[PDB]
Structures are given as C-alpha cells and as structure tokens.
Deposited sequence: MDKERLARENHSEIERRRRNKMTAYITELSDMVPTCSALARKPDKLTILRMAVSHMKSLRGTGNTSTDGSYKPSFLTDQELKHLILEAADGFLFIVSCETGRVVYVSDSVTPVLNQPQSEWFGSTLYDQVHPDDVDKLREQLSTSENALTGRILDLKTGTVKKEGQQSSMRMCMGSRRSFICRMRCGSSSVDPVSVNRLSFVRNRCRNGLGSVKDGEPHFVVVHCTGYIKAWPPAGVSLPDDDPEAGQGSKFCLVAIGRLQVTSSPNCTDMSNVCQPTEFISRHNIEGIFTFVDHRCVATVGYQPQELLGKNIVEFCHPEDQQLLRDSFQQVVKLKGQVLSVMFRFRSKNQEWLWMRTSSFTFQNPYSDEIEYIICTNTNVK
C-alpha cells in the first residue's frame, strides 16, 4: 500500500489504543477508591486515597507476607564461626512447631540431627556466596527434613543499630548465613562397601524403588530389607566377598518410597584392584520382580 498512509493509520491506531488504556486505568481507579463521576473527579479522589495510604512498593511486612504465602518457610540468621543463632523469625513456630525461645541463644548445630552436624560445618566455613542444602531439624525427639537456602552476608548489617549494652555487641562475628528453611518393571545398579552402605546409586532407582539417590547414598541396604530376609541379604553380602569375581543372586523385599514391599533380585559381585587384587567395592544390579 501507500507507505505514508499506512504509517499514518498505524500511528492513529497507536494513539487510540493509548487513549483506551488510559480510560481503562481511570475506570480501575474509580473501582479502587472508597466512593466512586467524570475523569477529573476520579483522579482527585485517587490522589486523596493514595495520600491517605502513603522507598519500596510494598512494606516489609507485606513483602514477607507475599513470600510466606507463596512458599512457607522461616528465616534464620546464624554466625558462620560458631553457628550461633543471631535471629529467627516467628514463622519457625508454624514450620518446626518450635517457639522462638528454642532457637535464640542457641547454635544451628544444636538444632539439627547429629548425623548432619559435620555437613553443616561444610556449608558454613569461609553468582554471590549462595548456600543451599538439606538437613534434619528438631520439633522423644522428632525430626523433619528441612531444605535450607540462603547466602553469606557480612556482619553487622548496615542500617541496623547496635547499642552498647546489647547481646550482639560482644560477639563480633564477621560473616553470617542468612537463610530460609522449608519443610519438604525396571532395574538400577549400585556400589556398596563390604558392609552394605550405598556409595554409588544409579539414577534409575527412582523408577525402581521411588527413592532419590540422596535418600539411598550413605544408608545401608539392609535397612530397606524385610527382617525375615535381612539375614539372607547379609549372608549374600558376606559370601560375595569370599568369592571374588563370582556373581551372587539373591531375592528379598525392599521397602519402597511408599512404604510398600517390592520383590528385588540383586546380582552382586566384587571389583578387584588390578594391581593388589584387593576388594574396592561391591557392584549390585537390583532388578524388579
């Protein structure tokens, strides 16, 4: 067509759509104020209501409300040196069923499972300096799997006043972890030590027993086995060591992720160091039946 006329009409349509957008926003305004007339009165009443309402778009409490409504969790600020709990939000009570008194004056190592203590240290010593991990927190003592994700921040934080007679005045920590904690027919191969501890897990295990490799890695296989089959499995692992190179098949029951018993056939043999002929680990192929 004609370039000039086409451009003119496109421009006229742009301006018309702009006008429509403006009138629509004015109607939203009249819908959004106490009592609502023409455009000027709607604008004046909008000015008045915004004046009465009022730099961040949301207040701190509104932002916290949005985040906690989106994905739960509670904030905690601990020191990197000792793990000393500097701060913890009230959202710990709906998450861990624990008052703020339990965490304050405490140390994150005291709040997690002992088996994870060492792991915690690995995440505290020394993109940004993000951190993310999974541990077990207290609530007989009951524990819950908690996914934590946070960051390393220099201490003290700017803006926050620190009086002379305040508990934090003598601590002198340089770095802190600021994090949120939140609650949360095939086969597969694996490698164990000579005691049955999963040291390598194929990713197919999810499709086989419902567990992720982290839920298996580190645990003994016998813990997933049926008590009437546990000694059979133990004797299989004991005899596969005496017969290096030879294969050993054993059927047993495996507690799946849904706490359901599956029947598994495991074929186990041993890997020999090609120089010293020593047993490095036990290779198992675990198949569904």
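No C-alpha positions are given for the deposited-sequence stretches 37-42, 61-72, 145-173, 187-216, 262-276, 382.
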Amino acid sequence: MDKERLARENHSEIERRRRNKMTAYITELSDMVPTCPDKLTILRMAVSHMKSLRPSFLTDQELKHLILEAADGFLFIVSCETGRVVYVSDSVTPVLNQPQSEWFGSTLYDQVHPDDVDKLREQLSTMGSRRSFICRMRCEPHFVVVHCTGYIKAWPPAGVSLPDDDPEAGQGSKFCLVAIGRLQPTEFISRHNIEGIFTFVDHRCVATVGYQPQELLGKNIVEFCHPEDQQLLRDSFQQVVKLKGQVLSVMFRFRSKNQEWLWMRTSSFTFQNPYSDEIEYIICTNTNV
From here on, numbers count along this sequence of modelled residues.
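Of the other structures of this protein that model both sides of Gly128, a third or more give it no coordinates. For the pair 262-270 and 9-17, the mean B factor over Cα atoms is greater in 9-17. Set 110-118 against 157-165 and average the Cα temperature factors; 110-118 ends up higher. Highest CA B-factor among the listed residues (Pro141, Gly196, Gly83, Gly73): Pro141. Within the selection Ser91, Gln214, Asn97, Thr149, the deposited Cα B-factor values reach their highest point at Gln214. Among the modelled residues of its chain, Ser236 has a C-alpha B-factor that falls in the highest third, as given in the PDB entry. Compared with the other modelled residues of the chain, the Cα B-factor recorded for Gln246 ranks in the highest third. Among the modelled residues of its chain, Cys36 has a C-alpha B-factor that falls in the highest third, as given in the PDB entry. The PDB entry assigns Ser132 a C-alpha temperature factor belonging to the lowest third of its chain's modelled residues. Among all modelled residues in this chain, the alpha-carbon of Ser52 has a temperature factor (C-alpha) in the highest third.
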